[PDB]
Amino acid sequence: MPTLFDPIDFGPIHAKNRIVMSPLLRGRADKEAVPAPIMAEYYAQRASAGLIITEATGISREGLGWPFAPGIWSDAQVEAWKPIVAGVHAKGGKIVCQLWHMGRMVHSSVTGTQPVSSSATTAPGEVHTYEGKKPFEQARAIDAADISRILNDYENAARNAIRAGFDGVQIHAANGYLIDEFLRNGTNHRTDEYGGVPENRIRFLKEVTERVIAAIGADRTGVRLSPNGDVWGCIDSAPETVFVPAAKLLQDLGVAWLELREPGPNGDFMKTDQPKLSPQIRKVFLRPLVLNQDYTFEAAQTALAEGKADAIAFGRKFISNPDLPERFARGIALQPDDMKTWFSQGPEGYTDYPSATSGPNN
């Protein structure tokens, strides 16, 4: 029964503590999805985190519709990630790349192709483009040839992640994106082998996970799931019958660790009514389980104290607190984060969050 400050091994990744920086897209790449030098400074400032999970990073032009988000399918993107990773390693940190395919959460003006998903659905609301928000387009239900191509993309992205120096990768199977669209029955209306019974709805996750495992090794393969929230219109009516078996599959496949994002009943951006499945998932996935969402320092210590989690990932607190593990250890109050600069451009609200009384007061 450890504390947040006790080390943990995520496969071969020796993490000096159990404070993980959850994935957080910041939109600081260029229009070619190539990371900008400023991203090296952002990740370096937070290298005291036991493990960094990078922002969602697109596996392909097709799967990346968020403007100014980074990618990892091309040699140019690889060459740009290299000094970003090296700068975290220079401070002794560890960092994994979150491989992204956005599925239907995409706009054809960005990707160049119609949104693709498990079924031909339209997400509610508005999608970002380089020319402002636009209505979501109806998705195309991908076929077997599409799956094979998308599997190739995942492998090449996972291989490129390792080329860039990453200690591992995290498969984004959550948040209503491509894989989550297959997992949940509210969005998977397929009548073939990838829809219907829970085993069928996990088949795409299985095949994605198998390629990544075979590409970079199972000990360097983590996954993120979001079993209970209603994220971007993506929900499953009976999550237990799908997500518990999905986590059992991840165990059987040997994935080194699992992160769960679990909204509660009372939450800002994206909450829910469906209860968390971490206790049930905990019984089937025995390797490091990472829990994430509304965690305070106090609740995070409680989860490790109660054997309910191995580590805790922090998102919004790491935006505004580059030294989050030091404020936890030293009892320092935390900096609030400014939403306006979540997805803006430049260092403002990005690399100018101070760590100590060294700003305009030293």
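Each residue number is its position in the shown sequence, starting from 1.
Practice item. Look over 258-266 and 283-291 in the entry and identify the one with the greater average Cα temperature factor. Key: Of 283-291 and 258-266, the stretch with the higher C-alpha B-factor average is 258-266.
Point to revise | Mean temperature factor over C-alpha atoms, higher-scoring stretch between 352-360 and 3-11 | key: Comparing 352-360 with 3-11, the higher average CA B-factor belongs to 352-360.
Check your understanding: Among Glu155, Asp167, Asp273, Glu199, which residue carries the highest C-alpha B-factor recorded in the PDB entry?
Key -> Highest C-alpha B-factor among the listed residues goes to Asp273.
Practice item. Could you tell me which one of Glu55, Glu32, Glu62, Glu326 shows the highest CA temperature factor in the PDB record? Key: It is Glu326.
Check your understanding: Should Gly132 be placed in the lowest, middle or highest third of its chain by the C-alpha B factor in the entry?
Key -> Highest third.
Practice item. Pull the Cα B-factor of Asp230 out of the PDB entry and bin it into the chain's lowest, middle or highest third. Key: Tercile = highest for this residue's CA B-factor.
Review point. Going by what the PDB entry lists, where does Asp236 fall on CA B-factor within its chain: lowest, middle or highest third?
Key: Its C-alpha B-factor, which the entry lists for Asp236, ranks in the middle third among residues of this chain.
Check your understanding: Can you tell me which third, lowest, middle or highest, the CA B-factor of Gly103 falls into for its chain?
Key -> For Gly103, the deposited C-alpha B-factor lands in the lowest third.
Check your understanding: Relative to the other modelled residues in the chain, which third contains the C-alpha temperature factor of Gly125: lowest, middle or highest?
Key -> CA B-factor rank for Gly125: highest third.
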